[PDB]
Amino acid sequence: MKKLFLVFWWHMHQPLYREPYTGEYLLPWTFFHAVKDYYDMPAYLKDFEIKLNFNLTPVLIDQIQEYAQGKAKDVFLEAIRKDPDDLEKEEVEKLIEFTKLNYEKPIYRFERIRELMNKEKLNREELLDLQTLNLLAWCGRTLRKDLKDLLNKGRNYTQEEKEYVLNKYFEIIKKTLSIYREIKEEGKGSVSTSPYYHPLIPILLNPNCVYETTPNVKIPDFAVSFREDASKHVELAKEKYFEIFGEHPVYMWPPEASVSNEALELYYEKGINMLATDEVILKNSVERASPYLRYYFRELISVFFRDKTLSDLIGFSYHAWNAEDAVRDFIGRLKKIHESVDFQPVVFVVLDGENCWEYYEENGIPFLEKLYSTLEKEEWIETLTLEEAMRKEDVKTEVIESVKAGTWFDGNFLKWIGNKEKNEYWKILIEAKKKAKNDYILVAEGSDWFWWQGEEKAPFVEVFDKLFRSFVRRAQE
């Protein structure tokens, strides 16, 4: 039986939202994705006999732990917790602004929410319903079974009921990292990490890599070397991973899939046996290649190239489809891969495993359950872990000697560096690096601060600016 080997690799990450001075989490994104996706995404492995793999950034692990110990001073979460009689006019306007942001998402389809947003002024019981429905909207698959009566109520929520939800949600956060241990040890999946604060490792090692694919861009003058800090990102990522899982990682997901000959060298020197990247990178690097192979980079490291169209379909396309149609198309694509090649192909599906489901019907539960049950049924599809794909001798291997430096965003670094706006943050970083004293300069090297710079007016940009300028200034003291 000729087989298609399928590898799913969900990448979980949130940048550090904890402002160093006040210690307050300025954005509740870590919390809301932790109750909705971070626990429940690996939890499918208990219900379905398939293999699934997960990447966890160390910075996200720090924030998950802080909430699980009851230490995060989350300013928005404190507003939900409060009795509505306590809320200031600015706390209420914040709770409305958040609801307006998520209004069109299918996980906010409540008839009550439709009514509050059309109301003029909200009373204490109406604010209670708004506080509580904002919590229930981000209910993961596990708790959507336990809070069926609360979710069926839809309206008229009391303060003790709202507290009951919050207690269930925090129990989920305390459970999150354990279920990653459990699935790793029972062999249902592999777990990788990324460099600590999710930086663009290629730019840190050699900023001239931006010119491999875009030879005319104007990047700032790098009067300091980011080469040791890039080593710290890997070196500390391995120790944080050691803390949770009790062993060094050998698999790593490069942030934003960014690779280079210099970065692939650095990963190998840190004991990384395997990493993956985009197949657009493969097209730029090798001549007439197929992403369905295992690749030996210079006989040092193993590289895999994700099937870009398949991963893009899940992350950006299937949300507007019926679940049955989405899975049927997906399997139909896999069938065409199985016949287009003369060998047993491997298909890597890598994408962010938290951000696409809020736009899905029922938070992607029908699609995910339909897909996982379907893959279980298909005899010819064998889902693998990262370790299994490493040992798999049915997969054809080829050697390559170089790669073009780029990311899974068009194969270049234009989304983070380039024009004057993206470059202003880098100049701020370099001058801070010049006078840097502590490791907060590592936090300022995260890709997320340079992604959100001035491309198009986006939600809570003022917060990402306030946070990046905070770490930069904290690193100089």
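For every residue, the number given is its place in the sequence shown, counted from 1.
Looking at 46-54 and 445-453 together, the entry lists the larger mean B-factor for 445-453, computed on C-alpha atoms. Of the two segments examined, 213-221 and 385-393, it is 213-221 that shows the higher average Cα temperature factor in the deposited entry. The entry assigns its greatest Cα B factor, within the set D410, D40, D62, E421, to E421. Going by the entry's values, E126 shows the largest Cα B-factor out of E398, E235, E126, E256.
The entry lists a Cα temperature factor for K105 that places it in the middle third of the chain's modelled residues.
Sorting the modelled residues of the chain by their CA temperature factor places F31 in the lowest third. Looking at the C-alpha B-factors along this chain, the one for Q131 belongs to the middle third. When the modelled residues of the chain are ordered by their C-alpha B factor, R469 lands in the middle third. When the modelled residues of the chain are ordered by C-alpha B-factor, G332 sits in the middle third.
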